[PDB]
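Protein sequence lines, in the order shown, are assigned to chains B and C.
Going by the entry's author numbering, the first residue of the first sequence is number 438, and it counts up by one from there.
Going by the entry's author numbering, the first residue of the second sequence is number 99, and it counts up by one from there.
Here a beta-carbon is modelled for each residue, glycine too, at the ideal position from N, C-alpha and C.
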Amino acid sequence: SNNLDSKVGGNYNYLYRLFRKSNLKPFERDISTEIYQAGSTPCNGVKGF
Amino acid sequence: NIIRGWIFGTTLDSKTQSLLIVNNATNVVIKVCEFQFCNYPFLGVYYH
Ligand SMILES: *[C@@H]1O[C@H](CO)[C@@H](O[C@@H]2O[C@H](CO)[C@@H](O)[C@H](O)[C@H]2NC(C)=O)[C@H](O)[C@H]1NC(C)=O
């Protein structure tokens, strides 16, 4: 889809999930935007180390 | 006819998606949205 979906600065409208707790189940769809905790710390608000 | 539907999901609080199943006076409606459900959800009627 080179022709249609690529923009010179970048077509950043195509989002994908990069961080969550466990894998999803077959044909599950997850729409959560909530922050992922990568450390042993709990994490809150909007952003964290 | 006092039971008119069910709610299903994870958080049930618009943080995430959930399912609404209702049978109203007129049709069965089934819908799946990030609902902010009413804390006591229900339906009701004018009689005769
Ligand atoms: C569906 O949602 C439930 C609840 O949000 C998920 O289970 C949670 O998973 C995390 C990570 O293992 C735990 O910290 C919670 O305590 C779990 N809670 C419950 C009620 O299970 C479950 O993994 C989700 N399923 C899928 C396929 O994503």
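Does the beta-carbon of residue i have 16 or more other beta-carbons within 10 angstroms, so that it is buried, or is it exposed?
{"i": "C:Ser-112", "result": "exposed"}
{"i": "B:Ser-477", "result": "exposed"}
With DSSP as the reference, please indicate the residues paired to residue i in a beta bridge.
{"i": "C:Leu-118", "result": "C:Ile-105, C:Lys-129"}
Using the three-state DSSP reduction, which class does residue i fall into: helix, strand or coil?
{"i": "B:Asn-440", "result": "helix"}
Report back the beta-carbon spacing between residue i and residue j to the nearest angstrom; my notes put them in contact at under 8 Å.
{"i": "C:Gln-115", "j": "C:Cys-131", "result": "7 Å"}
{"i": "C:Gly-107", "j": "C:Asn-121", "result": "Wrong, their Cβ atoms sit about 19 Å apart, outside the cutoff."}
{"i": "B:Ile-472", "j": "B:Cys-480", "result": "6 Å"}
{"i": "C:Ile-100", "j": "C:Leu-118", "result": "18 Å between Cβ atoms; not a contact."}
Review point. Got a list of residues with beta-carbon closer than 7 Å to any non-hydrogen atom of ligand 1, in chain order?
Key: B:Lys-458, B:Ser-459, B:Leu-461, B:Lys-462, B:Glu-465, B:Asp-467, C:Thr-108
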